[PDB]
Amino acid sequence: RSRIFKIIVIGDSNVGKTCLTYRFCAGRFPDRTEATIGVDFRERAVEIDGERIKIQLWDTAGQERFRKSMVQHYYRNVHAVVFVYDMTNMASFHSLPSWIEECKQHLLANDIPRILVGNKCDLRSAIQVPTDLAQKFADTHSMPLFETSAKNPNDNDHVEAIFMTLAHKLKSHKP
């Protein structure tokens, strides 16, 4: 009965993709991370409306040399796309159009949910990407916006609530 949702996590290096996915699946912050090479798979079983769902996150690599051959695999039978930037790094935010173009060039269906996540919202004195800017980007691309913190998982939009919201949407096939 346990059906699987493949969810890929896309974005520049060091925006915190590894920390986000690990926070959601393991429920803690990494002692240490290194450059993600190829991809990392993290899985968590939850229950929505009595159904057992396996949320399967693909923490992709952001460096070209570390994602070289992998994009076809990333995008094969993907159920949802999570785009991620660093709220303290405007360049990570300006990268998003090219990530979206890669996505649009490789999706195999027109009905795959995409969402936008700003990470490291705990670092308020160093934030470079204002909410309203991010919000307009998200709205005009048909993505909900979340501002979150893998480090402090209850700040602003809860890391838990993000992936659970997405999982609910997928399970019910709702907008």
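Just count from 1 along the sequence shown to find any residue number.
Comparing 71-79 with 84-92, the higher mean C-alpha B-factor in the PDB entry belongs to 71-79. Mean CA temperature factor is higher for 22-30 when stretches 116-124 and 22-30 are set side by side in the entry.
Residue set 40, 147, 139, 51: peak C-alpha B-factor at 51 (per PDB entry). In the PDB entry, a CA B factor belonging to the middle third of its chain's modelled residues is recorded for residue 56. Among all modelled residues in this chain, the alpha-carbon of residue 111 has a temperature factor (C-alpha) in the middle third.
In the deposited entry, the Cα temperature factor of residue 156 places it in the lowest third of its chain's modelled residues. Sort the chain's modelled residues by C-alpha temperature factor and residue 46 lands in the highest third, per the entry.
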